[PDB]
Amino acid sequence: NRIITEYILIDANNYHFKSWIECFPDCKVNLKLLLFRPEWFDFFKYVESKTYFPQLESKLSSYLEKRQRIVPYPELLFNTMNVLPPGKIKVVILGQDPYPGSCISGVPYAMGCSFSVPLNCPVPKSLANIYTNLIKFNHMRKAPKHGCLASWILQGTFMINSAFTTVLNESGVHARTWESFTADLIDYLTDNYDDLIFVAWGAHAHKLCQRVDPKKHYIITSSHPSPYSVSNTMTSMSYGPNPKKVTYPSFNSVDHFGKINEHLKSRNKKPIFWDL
């Protein structure tokens, strides 16, 4: 019933998405119905055949039975995938958990994309720090007044949270729930596509990016842009035959988007315009 801008370019003052209990009045959670982009059906067909998948829909249904306010709303749950078919992904930026907060009016900040928030919401501090980094390395001259990343995602920036849901006003309460789904999503992308760019901000995203073959794909690692880590180095477990903690630079010292640009250009791929 909608076109893509209606899902990805969201206005908090004109927010008509149904909540979970409205889409599933009888708690009959059906994640497949939340995926509007046909190029993902093959991946989804692989995921429903796994034994964890009924467990996932069971846990979500149980949260609805207890009347928990799951965010983001289900028409936004798979937002980044509904914008981007897998064959059009150029950069994967992992978040951890969705924003738990909301506007005065009850519009959630979570919109099914990592780091992004609807128009006419406050810019979260992590995202402000990302903008600061873009300004510092000459990719942008002034911070946008909003926090809506529709522009980057439409151009192939696959910005998802490894935990696709949380509960309104509670941080990270569904961290185990999505781990197998997200692992299969990462594995699907790295098995079927080549020379993606993975951006690992923080130790959790870095663990996830060590599922990825670093000779087949390009992995960029630093600390997280949140104010608690933006200007400090990060220590993160480097897995393998001889596991050891390694130190990675602070977020605000790395030219993340310059590095994305140079890698895309070195493979003759179309660039991403960060400012527009």
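When you see a residue number, it is the position in the sequence shown, counting from 1.
Once the C-alpha B-factors are averaged per stretch, 59 to 67 and 220 to 228 rank with 59 to 67 first. Comparing the deposited coordinates for 234 to 242 and 204 to 212, the stretch with the larger average C-alpha B-factor is 234 to 242. Out of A128, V91, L76, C103, it is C103 whose C-alpha atom has the highest B-factor in the PDB entry. In this entry, the residue among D187, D195, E179, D97 with the greatest C-alpha B factor is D195. The entry lists a Cα temperature factor for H256 that places it in the lowest third of the chain's modelled residues. Residue-level temperature factors show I8 in the middle third of its chain, judged at the C-alpha atom. When all modelled residues of the chain are sorted by CA temperature factor, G112 is found within the lowest third. When the modelled residues of the chain are ordered by C-alpha B-factor, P72 sits in the lowest third. Per the PDB record, residue ranking by Cα B-factor puts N82 in the middle third of the chain.
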